[PDB]
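The chain below stands alone, shown as structure tokens; this is the form deposited in one PDB entry.
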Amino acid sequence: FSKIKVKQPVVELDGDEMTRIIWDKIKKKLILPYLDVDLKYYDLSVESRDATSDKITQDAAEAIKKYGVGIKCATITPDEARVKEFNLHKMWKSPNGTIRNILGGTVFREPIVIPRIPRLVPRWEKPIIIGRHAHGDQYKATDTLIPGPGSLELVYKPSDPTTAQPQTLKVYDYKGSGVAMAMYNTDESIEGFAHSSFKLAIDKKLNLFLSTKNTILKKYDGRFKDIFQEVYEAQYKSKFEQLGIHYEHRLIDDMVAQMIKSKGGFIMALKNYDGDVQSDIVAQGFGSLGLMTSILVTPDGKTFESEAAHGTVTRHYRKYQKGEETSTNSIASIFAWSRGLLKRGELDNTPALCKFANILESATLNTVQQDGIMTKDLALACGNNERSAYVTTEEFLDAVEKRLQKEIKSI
């Protein structure tokens, strides 16, 4: 096969355990044999991050910004148990949280639909896309234990007193021990969130819903509502009217209820935390947490980070190390690669690359849909409880490879 020439380099972030094993096979068998790619490799395994005191994560984020497209393998955020078992320096923060904070933007999540997989919410016939604000709020929050009675205040001091007033807000007078936290966001970040959301709505020709709790957090959430409306009237109003699509702000309560009783087919812009929770509800409702894509996008339309949206399970790895067979789904990791390559193709105007990314995806879905070859989790979701109903982690990937070859020849 005559290899497709990728013009610009692609930033690759390796991950942990089982997904790392899967990641290497995908790269060696499904990508490298067909593409001549310059991969800027960053090892984000727990061991690598510990050894560099998490500096490797920051470097990888900056590389993505430099080159434009990053593709990331699922990683492990160590807990107390792991820190002790592997003698880590500390409970390192989520590489994902770190990358999102550095790149900023929006994380778009949507189900990977496989006809055969049963939907847990039957009426969802059309994809629901979650546009999760990638920055601030709880993920960059300051929280602390309050040991006893005392006052708690939120204090703001402008860098320039003549252009702004200081603020000292009474938060609470404790009468006993408790907890406290403060969080923030910026208008610039919220504005980018809005631009990407409106642009995706336009590009996909879908209605856009922004949801908040601005009835309770009148200033904080109210700010998201006002910025979205302002951006809407600044550059997208007539575009939406021309396409016949709509933008509407809704109370988060009402939105999730309408989402649950709908047929899908719309985009839900959500604050960082709500986007996190709801994307799992949506992924699960469509069929499986393992069938979801996740791509971080910056408002300038120049930077993308495609990540394996399905976490790795240490149990599978344990069995893998013991030489026992496994059946871990590799679809989410395959799509991280395909969606990243698609952005690379678009940015570089390399149609041959985009075509490849699309067949890689169809060959993967058809292996399941048409050939009935799948891993344990999907077989089970399908009510196929026979041992012979699924193949091993490696068998699935070998099947996809064979399919990729076959489908590539057809063209």
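Start at 1 with the first residue shown and count on from there. The term rigid core refers to the maximal set of C-alpha atoms that superpose within 1.5 Å between the two forms.
Below, we turn to the form deposited in another entry, even though it does not appear here.
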Rigid core fitted, is the C-alpha displacement of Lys72 between this form and the one not shown 2 Å or more?
-> no
After the core is matched up, is the C-alpha of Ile245 off by 2 Å or more between this form and the one not shown?
-> yes
Given a CA distance change of at least 3 Å, are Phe240 and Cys354 closer or farther in the other entry?
-> closer
